[PDB]
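So the sequences go chain by chain: H, F, E and I. Reading the first sequence from the start, the letters are residues 625 to 947 in the authors' numbering. Reading the second sequence from the start, the letters are residues 5 to 375 in the authors' numbering. Reading the third sequence from the start, the letters are residues 5 to 375 in the authors' numbering. Reading the fourth sequence from the start, the letters are residues 5 to 375 in the authors' numbering. Where is the CB? At the ideal position from N, CA and C, for every residue including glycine. A short write-up of the structure that comes next.
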Amino acid sequence: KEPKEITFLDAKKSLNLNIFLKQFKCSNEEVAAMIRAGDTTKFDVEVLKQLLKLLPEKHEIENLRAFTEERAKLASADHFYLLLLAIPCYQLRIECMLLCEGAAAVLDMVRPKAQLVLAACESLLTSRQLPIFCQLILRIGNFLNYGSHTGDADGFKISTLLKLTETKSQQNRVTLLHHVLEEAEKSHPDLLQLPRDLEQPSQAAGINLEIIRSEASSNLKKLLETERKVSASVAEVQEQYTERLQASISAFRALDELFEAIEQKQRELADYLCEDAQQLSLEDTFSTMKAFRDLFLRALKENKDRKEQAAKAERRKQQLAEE
Amino acid sequence: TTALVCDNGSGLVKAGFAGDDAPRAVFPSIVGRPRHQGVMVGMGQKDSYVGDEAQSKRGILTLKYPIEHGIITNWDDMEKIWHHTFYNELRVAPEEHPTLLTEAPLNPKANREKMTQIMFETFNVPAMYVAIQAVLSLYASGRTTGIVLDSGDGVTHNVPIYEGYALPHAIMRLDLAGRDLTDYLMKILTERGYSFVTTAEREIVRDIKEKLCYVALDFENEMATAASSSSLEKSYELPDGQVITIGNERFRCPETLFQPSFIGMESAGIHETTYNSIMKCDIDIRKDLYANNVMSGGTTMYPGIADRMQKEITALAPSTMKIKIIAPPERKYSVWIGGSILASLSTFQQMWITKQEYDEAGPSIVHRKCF
Amino acid sequence: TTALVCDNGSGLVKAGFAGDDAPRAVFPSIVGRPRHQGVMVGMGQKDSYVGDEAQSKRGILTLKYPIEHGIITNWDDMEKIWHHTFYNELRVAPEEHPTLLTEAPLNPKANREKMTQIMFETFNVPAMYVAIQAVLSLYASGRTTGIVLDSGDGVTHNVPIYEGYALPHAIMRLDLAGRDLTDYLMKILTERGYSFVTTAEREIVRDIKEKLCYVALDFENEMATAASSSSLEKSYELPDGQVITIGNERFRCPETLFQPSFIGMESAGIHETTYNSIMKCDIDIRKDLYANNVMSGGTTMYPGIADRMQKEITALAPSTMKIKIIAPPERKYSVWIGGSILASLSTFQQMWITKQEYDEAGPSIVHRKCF
Amino acid sequence: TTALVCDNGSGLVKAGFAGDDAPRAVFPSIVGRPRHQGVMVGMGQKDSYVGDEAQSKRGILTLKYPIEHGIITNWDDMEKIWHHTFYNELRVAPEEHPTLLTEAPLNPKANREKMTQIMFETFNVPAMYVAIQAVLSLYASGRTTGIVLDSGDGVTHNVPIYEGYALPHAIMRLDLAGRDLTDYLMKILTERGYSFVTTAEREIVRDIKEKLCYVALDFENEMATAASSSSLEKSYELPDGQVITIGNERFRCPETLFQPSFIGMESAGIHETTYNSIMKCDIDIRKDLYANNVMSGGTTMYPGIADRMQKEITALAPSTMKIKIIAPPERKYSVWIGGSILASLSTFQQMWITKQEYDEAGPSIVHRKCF
Ligand SMILES: Nc1ncnc2c1ncn2[C@@H]1O[C@H](COP(=O)(O)OP(=O)(O)O)[C@@H](O)[C@H]1O
Ligand SMILES: Nc1ncnc2c1ncn2[C@@H]1O[C@H](COP(=O)(O)OP(=O)(O)O)[C@@H](O)[C@H]1O
Ligand SMILES: Nc1ncnc2c1ncn2[C@@H]1O[C@H](COP(=O)(O)OP(=O)(O)O)[C@@H](O)[C@H]1O
Ligand SMILES: [Mg+2]
Ligand SMILES: [Mg+2]
Ligand SMILES: [Mg+2]
């Protein structure tokens, strides 16, 4: 029978470790070898999170080191912790594998989005059809506000583009933006190539850049602390992990250079819109231009449906007149 | 003592011993009664056929499903399923082996009462346990936290379980699954002229849905391509020898999973059900559930479902957190596999609901013991 | 000009003008070819007789039905039906008249496609429309909501329409109607010795079924009375002068409509089909569906079917609901009557299918225009 | 000139003329779109339905609330609500009557911006004012000091006012009211087997909540009484004639108001919110707030809520203070009554916002003028 498993743990933690161990579909010696070799193929964020959440405790390590009987009498959990205690700097190796996989995940997460945000700022500073379209909106608004204090102006802010769909006609179906695009479909079609410049401003950030920047800075700080602990550790851990740490710190330093470039382009976009930089001129401008591009394409689609319905109504009227 | 793991599924019953990788007996939950006249004398003409015996002789049998939408409707038919899978399939006495059973979330309590009463009184056991199918699917994945989209034959539910704790309020349940897809496929197969009215024809169209149907990545582009060219048209050979051909209906049938208004079931899509179940949880645990989307059940065995599901969740969720769909190839038996994972463990011996606890507390200690 | 309403039903074709009350040409849809050898020279010996002329000379003609269970089988035969009702019966030019046509629900699409192709290419029209028969039966009823049990010669379908809106998920089609009742009557008259094998004998048995058969309110007490006494027995004179005498088969033959297991069909009765169509709808609208049962079609022309239908639905429904079966005397021609109602509206004139739409979209406008 | 009072709450709209007691037009704030596609004719069917007409045809209509938790989501649906309550219910022009409007405290200001823009551009008025519902509830109370718990359909807010001076830092808003109680009741009726998944069924469960539910004086004693005996069970007839019977769910539904951990909300009960809003004030004025606890809104119309509120406050407060709950029977209509009281004031006639003020200051004077 042998029920005396001499397990120093309780039931729940040994239960969760027996849940955790059985998904590897192999012996715990292979698990201890993969910890010692630093192999990150089978070790994603969640597995190493569960492994750090099922760490051995101080009295558990003391009872394992005071165990003087036969090691086959132990359970698989206590034998796995003895294999884990056999690895020198095992928690350091687990933290290196977790931080390397998490650093690769956060870098592949943030860096194309940060390149999208930088390309969005570069296309918002330099846009081709945007001054001609803003001059047309300015001339139409100066005709519309003739005789009021808002009229006879030489410009407007970027929040006016959100307010274009607020003004509607007598029918309350064709807006100001819909009428301007119905006129621009006939006269100046190059303004319909406005989203091709705004396609890198399309989809915005969609995120808070301070959240990913604080996560990137905290990950870089954790990588620096980890590289300092590996530099205090043995040379096997150094030859295992120092090149990966150096590549991760170098890529996050390139990410911080990219974030400083986004700050410089944010100040340039604040000076572009003639607004102070103390207000949010970064995420509000991305959300404003994303909503402007979505309303622009929706005005194109609704004017297309309006012209198709008018042509189908003309065809139905001609077919009723012929019959 | 080897325990018995038995998922009494809505569609397919999967049974076998403790600790095995594969379930021993996998058979559909049907009861076949004869509807024509038996004229031959002797030779063992049964008044009811159970399981694969009903499946083989399905041309002359009215087929009855005892479970509808995860709820055991016909109790005597379910007793015939239980007695067949104990005595004919596994050939084991119930009185010498403990038994693990599965239950859908948001089940009626009297269903659990009658299940405990039948599994302690009709077939006497030393012990039994009832477990949630999503918990066994997450244990089959091997992770303690994560959200399981469990899709059987009658019910489809999104259950997020954080660190072994199943959140009760965040469980979302929609009764739209593969039998409804089979009936919708039987409806839309009359567009080309293939009429199917019988219960055996439901099994034939179910085999067609298992073999030929697949999830489209974009429904409008696939519909435009199937309207344009006949590349997606596939021929199936029926058991009588006739050959049918279907086109766009290979992807129009699982599109009811994403667009439930096809059958008039006015509700959100299963990706939208998953996103609303995620948004029912705390914001602290949402990042864990975004990267741990486990899909279980044979209904999720279409070979297009993971990329479309990741695309729909990535459209629904913001671009902050990592979206990762967990799709094991062994997902169809995974609940049974998770039950086998829960079978051989050392700390499960205190968690067994004994005969003495059943006599002490009725069939009602399963409510206070199991979640 | 004047629109034309032509119900191309499964057994009988009813043609006439829009805005008229009674249909102008009611004639059965059969094609009569000569099966014996002709020996007299000349005298206008046609190779195909259509309709009433085929009905007259039916002793020397093999008779073919072009429509089988709402599906046009032989398109050349249906071309001859349409040419006969356009040029011989109604005697109109099809190029100066809009045309309404009727169709069963859940019908294969290519039948509607070839109907559009023949009615735009062979008999070219200024305009045409294809309408669902239950919608026309509810328009002949005049009420905005209700449920129509329309049972013709090939298709019995249950369609509920609430506030003018069709609910397609609850549309229930079963191909069991009066031709199959005629074939079952031809099976059961061989018990008394009266053999009937030919198509002319099929029309004789159809005439017997129309003249003598009736729906029993209770099947068991009527069967016990017919087995007890010969009071329900009635005699019929055949066209050679032979007189047959029948008993219980006057009500055993329509009891296949309430029990499809007599001909071996696995599906339940039309009252159970109606109850499943009601229970497939939403819980709000069922009270209006219980009191607005609109029975149309010639198969509902038995003089016991409304009381039996009310009794079976009142047994099926919860008892606190008002069950009302609307059985007008003109329910045989109600499809044509509702077609003449719908065709005579100025609002319907924008809803036509024109030649320009056909040349633009192929014969694919009829799927997107018509429901 | 007769002023208008239009209380546009989240679930219902109570509109009418000022200087009146009973609200003239009380109707739910729902917008019904046709759920299923169907054109037909229908003698000019409406493309959307407002309130009682949407309630009448609710089985086939998708119902949309334009206001969620006091915040207008769909502004065009709110414009249709405004057009129906101006032109159809009251049948008055907006440009010949001043119109007082209500608002929950701690509203985001863009709702007030678009409300001012719609009320001056497309539904143009001579004058309008945007007010606080708790101030009008204290006006219907008749006193000047006191704290008001106003609980509508989405917002339950506690506002203390001493001598006409509302303290803005002590205003406490919790988004938990009768719609969330209806959603929790729809969640908990599935324990007894009754399923309600559609928005039309939300009206049935809301009627169950309005008729049958009540506040328990003690939750645990009532739970033990319902577990022991079925004397607290009450029956309810469904519109399809079915009868349901419910026990503890009569008082489990309002206990979300005192314990938001049932639905997983981490905030405390409204008694603790009331005690924290009183203790956020100055210590000298708290005795008047304990003696003038005013309850308004239709969510506080359960017949046990004043006794339970007095019990919980007297448990929370020091015992020397006199605890008094002001619970009028007209607390449902009290916001409209106080709106008529405020619009009838001659001193309030200098406080209106003119059309010339809207033209001069843009849509920005309503932040400076209104609180
Ligand atoms: N490859 C497949 N494609 C489509 N459907 C499948 C496939 N495999 C299984 N199914 C269906 O999915 C359902 C899932 O079965 P399962 O959940 O294991 O049993 P149950 O549904 O009875 O609980 C089955 O009823 C089956 O009909
Ligand atoms: N008096 C009657 N009693 C019972 N059944 C009848 C009677 N008259 C006709 N029928 C049945 O109705 C059928 C005719 O239906 P019909 O109105 O032509 O439908 P459809 O137009 O859809 O073909 C015939 O086949 C016949 O069997
Ligand atoms: N008898 C009742 N029982 C419970 N709640 C009610 C009752 N009557 C109305 N209500 C609730 O009151 C709310 C309606 O608020 P109402 O007093 O009409 O103000 P408003 O018009 O500003 O919404 C609804 O949410 C409804 O749930
Ligand atoms: Mg299963
Ligand atoms: Mg017909
Ligand atoms: Mg109101």
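CB-CB length for residue 335 of chain E against residue 303 of chain E, believed under 8 Å: About 10 Å separates the Cβ atoms of residue 335 of chain E and residue 303 of chain E, ruling out a contact at the 8 Å cut-off.
Give me every residue whose Cβ sits closer than 5 Å to any heavy atom of ligand 4, in chain order. Here the list is F/13 and F/156.
Top-ranked residue by Cα proximity to residue 193 of chain I, from I/320, I/331, I/168 and I/255: Selection I/320, I/331, I/168 and I/255 evaluated against residue 193 of chain I yields I/255 as nearest (Cα-Cα).
Sorry if obvious, but does the Cβ on residue 184 of chain E come closer than 7 Å to a heavy atom of ligand 5? Set against 7 Å, the gap from the CB of residue 184 of chain E to the closest heavy atom of ligand 5 is not smaller.
Cβ separation of residue 847 of chain H and residue 924 of chain H, assumed to be a contact under 8 Å, to the nearest whole Å: Not confirmed; about 47 Å, so no contact.
For residue 154 of chain I, does the three-state DSSP call read helix, strand or coil? Under the three-state reduction of DSSP, residue 154 of chain I is assigned to strand.
Give me the residue from H/708, H/814, H/839 and H/791 with the minimum Cα distance to residue 654 of chain H. Ranking the options by Cα distance to residue 654 of chain H, first place goes to H/708.
Using the rule of at least 16 other Cβ atoms within 10 Å of the residue's Cβ for burial, across every protein chain shown, is residue 201 of chain E buried or exposed? Exposed: under 16 other Cβ atoms inside 10 Å.
Of the listed residues F/310, F/213, F/289 and F/362, nearest to residue 189 of chain F (C-alpha basis): Nearest of F/310, F/213, F/289 and F/362 to residue 189 of chain F, Cα basis: F/213.
Run through DSSP, which three-state label would residue 16 of chain E get? Of the three classes helix, strand and coil, the one that applies to residue 16 of chain E here is strand, per DSSP.
Of all the residues that make up the region 285 to 307 of chain E, which are near chain I by a beta-carbon distance shorter than 7 Å? So the list reads 286, 287, 288, 289, 290 and 291, given in the order they occur along the chain.
For the region 114 to 138 of chain I, which residues have a beta carbon sitting closer than 8 Å to at least one beta carbon of chain H? Against chain H - using a Cβ distance shorter than 8 Å - the residues of the region 114 to 138 of chain I are 121 and 126.
Residue 31 of chain E and residue 55 of chain E - do their beta-carbons sit closer together than 8 Å? Yes, Cβ-Cβ distance for residue 55 of chain E and residue 31 of chain E is below 8 Å.
Whole-angstrom Cβ separation of residue 178 of chain E and residue 277 of chain E, contact assumed at under 8 Å? The Cβ separation is near 6 Å, so the contact holds.
On the three-state DSSP scale, how would you describe residue 342 of chain F? Residue 342 of chain F sits in a helix when the DSSP states are folded into three classes.
Within the present structure, is the beta-carbon of residue 9 of chain E separated from the nearest heavy atom of ligand 5 by less than 7 Å? Checking the Cβ of residue 9 of chain E against ligand 5 gives no.
If we define contact as Cβ-Cβ less than 8 Å, is residue 87 of chain E a contact residue for chain F? Output row for residue 87 of chain E: interface = no.
Per-residue contacts from residue 6 of chain E into chain H (C-beta, under 8 Å): In chain order: nothing, as chain H lies at least about 13 Å away.
Name the DSSP bridge partner or partners of residue 145 of chain F? When DSSP reads this structure, residue 145 of chain F sits in no beta bridge, so it has no partner.
Closer than 7 Å to a non-hydrogen atom of ligand 1 - does that hold for the CB of residue 16 of chain F? Flag set: Cβ of residue 16 of chain F near ligand 1.
Indicate the three-state DSSP secondary structure (helix, strand or coil) for residue 36 of chain F in the structure shown. It is a strand residue.
How would you write the range of the alpha helix (DSSP H) that residue 210 of chain E sits in, first residue to last? If you look at residue 210 of chain E, you'll find it in the alpha helix (DSSP H) that goes 203 to 216.
Contact set between residue 40 of chain F and chain E, taken where Cβ atoms lie within less than 8 Å: Those are 268, listed as they occur along chain E.
Are residue 315 of chain I and residue 221 of chain I closer than 8 Å when you measure CB to CB? Their beta carbons are under 8 Å apart, which means residue 315 of chain I touches residue 221 of chain I by this criterion.
Answer with buried or exposed for residue 275 of chain E, where buried requires no fewer than 16 other C-beta atoms within 10 angstroms of its C-beta. With 16 or more Cβ atoms within 10 Å of its Cβ, residue 275 of chain E is classed as buried.
Please name the residue in F/353, F/106 and F/351 whose C-alpha comes closest to that of residue 342 of chain F. If we check each option's Cα against that of residue 342 of chain F, F/106 comes out closest.
What in chain I is Cβ-close to residue 796 of chain H, meaning under 8 Å? Simply 126.
Extent of the continuous beta strand (DSSP E) run through residue 136 of chain F: Here the beta strand (DSSP E) through residue 136 of chain F covers 131 to 136.
With 7 Å as the C-beta to C-beta threshold (strictly closer), list the residues of the region 170 to 201 of chain F near chain E in chain order. Contact annotation: in the region 170 to 201 of chain F, residues whose CB is within less than 7 Å of a CB in chain E are 194, 195, 196, 197 and 201.
6 Å CB neighbourhood of residue 149 of chain F in its chain, flanking five on each side removed: Correct list, in chain order: 166, 167 and 292.
So which residues on chain E does residue 947 of chain H lean against when the C-beta distance must stay under 8 Å? Close to residue 947 of chain H, with beta-carbon spacing below 8 Å, are these residues of chain E in chain order: 130, 131 and 358.
Listed from N- to C-terminal order along the chain, which residues in the region 60 to 74 of chain F have their beta-carbon within a distance smaller than 7 Å of any beta-carbon of chain E? If you check each beta-carbon in the region 60 to 74 of chain F against every beta-carbon of chain E, the ones closer than 7 Å belong to 66.
Coil, strand or helix - residue 82 of chain F by DSSP: Three-state DSSP puts residue 82 of chain F in a helix.
Taking the alpha-carbon positions, what's the residue 627 of chain H to residue 665 of chain H distance? Straight-line spacing of the CA atoms in residue 627 of chain H and residue 665 of chain H works out to 36 Å.
Please name the residues in the region 309 to 341 of chain F whose beta-carbon is closer than 7 Å to at least one beta-carbon of chain H, in chain order. For the region 309 to 341 of chain F, the set of positions with a beta-carbon nearer than 7 Å to some beta-carbon of chain H reads 322, 323, 324 and 326 in chain order.
Same chain only: Cβ atoms within 6 Å of residue 318 of chain I, ignoring 5 sequence neighbours per side: Answer for residue 318 of chain I: 327, listed in chain order.
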